[PDB]
Every structure is written in structure tokens, then in C-alpha cells.
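Have a look below at one chain only, the form deposited in one PDB entry, in C-alpha cells format.
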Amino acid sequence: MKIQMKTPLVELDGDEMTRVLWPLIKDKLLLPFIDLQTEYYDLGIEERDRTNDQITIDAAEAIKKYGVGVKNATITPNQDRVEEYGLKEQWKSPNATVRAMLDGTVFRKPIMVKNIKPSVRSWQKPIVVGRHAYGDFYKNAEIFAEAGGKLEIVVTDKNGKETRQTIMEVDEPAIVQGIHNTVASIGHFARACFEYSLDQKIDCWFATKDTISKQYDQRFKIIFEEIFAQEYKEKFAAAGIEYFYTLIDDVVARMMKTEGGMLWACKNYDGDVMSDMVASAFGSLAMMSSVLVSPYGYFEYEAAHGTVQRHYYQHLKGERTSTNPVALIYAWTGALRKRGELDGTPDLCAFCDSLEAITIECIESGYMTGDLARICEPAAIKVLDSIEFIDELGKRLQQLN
């Protein structure tokens, strides 16, 4: 029989080329081997528009209920997209929405192949970015103060005690931004990072600009230091690993020189930008896994890249594309593995191990999409289009099973 699942995955569909490839993955790589159970939520742009973005919230609720989600790449619509699709508004990033609702830390890890050298000469070991998923400027308040004025932040507690601080007082057109985070969210971030480091036996590096931000960034620094001292110090020393804190400018300068091999903990914004820099440098944003690990027990595996508009238009014209589906594949395998772990269904986990291994073997053997063929050494034997590539992996799986 096919591999059986005890609990369904929550499945969040997406946009454009990634939407096109998603059912081909299911058809060729999963359904022939697994009696795949999912709760399906279409987060394509048109369905988010139809439902006034309720579908996004509903999907996040389902992840909370079942425990594990898999997410396809989506469009966060700018005004071009609004015009292209005739949208009601510039709907908020669905990633930002899910992360807000679930909380946690997003772990981003390169999917490494031996035949692609990183951009950064020194890198010999993967660098994992642990990005705080919650708060900061992903939930902002902003004012365009067209006549200027006294610009303040204000906090009013339960009890009515008001605290005010002045940003600046200006007599000219100005812009203002406010952000927050929570002590609890930061603590869970620190914990997730330290636990990841211990599990994987890698050092943890964290950095902020605590010299400039003497209460906000300072609070991250203190919380990591205290959690580390009180909960992890001994565990780390027994495991032969270290926690290193520095300033953000110093850590980035080090990253250009390091051999790699650590967990790089980042505040939300830093992690968003830096995970993309690391992904690119190792080879591709499609060669990078992404998992949100919530302290509340939820997991969301996603393809953390664009939807490939140019390739989608080509596809609709009957042209084959060089789209790299690896991140999409690893979102499914990561999610099915976790679901299998939680459910105590190890045949599912073993399948996921196999498909991941097959994907790497295929690329390392010189059979790959065009983006990878551009940067590998030695030269690829054969460039496979996105659909041929998926078809090839399906043939390898059939030969296993």
C-alpha cells in the first residue's frame, strides 16, 4: 500500500509559476508513494482578493489546529499587481500575517550541492539564519506628518499610566514610524535559537545595534544573555558549542571572512535581508529551506522566494522554463517529515529523506535546471527544464520503490 498519514498537513497554495509547479510535485513526487492527506487553502492572489484576505487568517488558524503547514510562494501585491489582477487593495504580506499569528523563529538553511561554489570564497560550511518571526517593523504604525510637529511615542497601560517619549520636534514635512516587540516573543526566539544550536551542534551568533538602541535592541541583548546564562550555558559547554554576541555591523563584516557553520540569529528585519544574502551567495534563493518553528507547537514550511512572473507568462504560452523547484520540494519534504515525527509514522520520514537525497544526487550528477547550470563546476551534463527536472526525480523515486 502507499505510505499512510495519521494527520493531514495544512496546505497553502500560491501564485504564478510556483502555483503551476505545485500540483506537478504532488502528482509526480508524492501521490504515487503516499496517501497524501491535506487541508487545502488557496492563498493565490485571486482567492485572497475574493475573501478579503480572510483565507490567509483561516489557513493560519488551521495550522494552529493541526500543527504543521506547507506554504507555496505568494504575491505580496504592489500597485502593478493591483492593476494586473484588478485587486481591491494592496493586501498585506500573507507571510507577515502567518508569522504574526503563529509567532516563532524562521530557520533558513542552504540546500547545498558539492558542484556549486558559494559566492563568498571562505564559506565551506552551511550558515543557518534563525530569523525572529514576530514584530518590529512587520507591524508598524506610520504617519506622514506633512506639517511637522512634536513626534512622540506614547504608551498607556490597563490602569491609565501614560509614558511619553519624544522622537523629535520638527517644523517641516516629516515621516514617523513606530514598532514594538514583546519580552515573551524575544525569549521564545532566544530559546528556539539555543535549542536549534544544541540539536545541530553548531555555535550561535546574535547581534544588534545596542550601542545606538539603548532600550529596544538592548532588550534583545539582555534577554539572550540571561536565557543563555540561566538555561543553556552548561548544555552548550557539554556539547562543545558557544554563544557569541556582537554588534550587527561586526557580525556582517565577520560573515565575509568566516568558513561558516554557525546559526546566525537575527532580529526580524535583519533575518529577512540576510537570509536572502546567504541564500544568494550559496547559489540561489530556490536552494534555501525555510521553517517557522512556533513556541506554541506549530510549524510552517515554505518556499521562501518569488513566484517567477516571467516564467509563468512563458508557461502559459506553452514554453518550457528554467524555474528551480527545489525549495518547493523541500517545503513538502520538511512538512511531511515533521508531520511523520509528530504522528509516529517513520515510513513518511524515511520517504522524505529519500526524496531530499535524490534531489541532491541528481544535481550533483550534473542534471539540473538552468539557473544552477549557470554556476556549477564542472559543467552540467544536461539542463533540464522545470517540468523535466520534476519528472526526473519522479523516475528516480519510482526506481527506489
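Each residue number is its position in the shown sequence, starting from 1. Rigid core: the largest C-alpha set superposing within 1.5 Å between the two forms.
Once the C-alpha B-factors are averaged per stretch, 343-351 and 364-372 rank with 343-351 first. Mean CA B-factor, 303-311 versus 143-151: the higher value falls on 143-151. Out of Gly318, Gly130, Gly160, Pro118, the entry records its largest CA B-factor for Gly160. In this entry, the residue among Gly187, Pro325, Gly178, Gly297 with the greatest C-alpha B factor is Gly297. When the modelled residues of the chain are ordered by their C-alpha B factor, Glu89 lands in the highest third. For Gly334, the recorded CA temperature factor ranks within the lowest third of the chain's modelled residues.
Placement of the Cα temperature factor of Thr208 within the chain: lowest third of the modelled residues, per the deposited record.
Ranked by C-alpha B-factor against the other modelled residues of its chain, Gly271 falls in the lowest third.
Sort the modelled residues of the chain by CA B factor and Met101 lands in the middle third.
This protein has a second form, the form deposited in another entry, left out of what is shown; the following refers to that one.
Rigid core superposed between this form and the one not shown, residues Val170, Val183, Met277, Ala253 considered: the one with a C-alpha shift of 2 Å or more is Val170. After superposing the rigid core, the C-alpha of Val308 moves by 2 Å or more between this form and the one not shown. After superposition on the rigid core, the Cα atom of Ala96 is displaced by less than 2 Å between this form and the one not shown. Once both forms are fitted on their rigid core, the CA atom of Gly148 lies 2 Å or more apart between this form and the one not shown.
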